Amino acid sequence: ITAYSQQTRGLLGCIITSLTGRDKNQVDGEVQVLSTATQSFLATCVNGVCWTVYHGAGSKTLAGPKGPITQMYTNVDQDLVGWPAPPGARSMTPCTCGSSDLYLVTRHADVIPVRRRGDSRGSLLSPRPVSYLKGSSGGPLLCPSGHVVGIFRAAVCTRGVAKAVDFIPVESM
């Protein structure tokens, strides 16, 4: 698995788009880099829904070509929200080959190995600074074949080093 990223907006434009709800940029790729005023996170497109963490998006709309997109799925207890994916996003497919060495795609488009530990827990195969994972919530956890098994929720860390991640299973989507 490889990844590369492409910024599409700067600061002024993010701000105004948030107030208008109206996104006329052409959308593409599997994973959207999102921002509000408060934070920046990711959304994984899986079966034509853009998914992301509830602790990031809250219950807010997603700016779209025609104006704000209402959440179609809002689960506060699973920390999961979903918007109808904007046209152009590349939709991933949920894994089922059931592999257990997994791949976390970050905001910096690195692709870090994660050992599946349980339904929605993983251990990093080599420690990263947690700072490096900041902004990656919502990102995809991939199996070797490129399918999605979930989206990053939370890093478990001590003294600044992320050892394990918590994730929301694709199952729950």
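From 1 onward, residues are counted along the sequence shown.
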Subject >> Greater mean Cα temperature factor according to the PDB record, 34-42 or 63-71 >> reply: 34-42
Original post:
Taking the recorded C-alpha temperature factors, which stretch has the higher mean, 143-151 or 51-59?
Top reply: 143-151
**OP:** Would you mind ranking residue 122 by its C-alpha B-factor against the rest of the chain and naming the third, lowest, middle or highest?
**Re:** middle
Subject >> Chain-wide C-alpha B factor ranking for residue 135, given as lowest, middle or highest third >> reply: lowest
Original post:
Going by what the PDB entry lists, where does residue 113 fall on CA B-factor within its chain: lowest, middle or highest third?
Top reply: middle
**OP:** Check where residue 86 lands among this chain's C-alpha B-factors and tell me if it's the lowest, middle or highest third.
**Re:** highest
**OP:** Could you tell me which third, lowest, middle or highest, the C-alpha B-factor of residue 10 occupies within its chain?
**Re:** middle
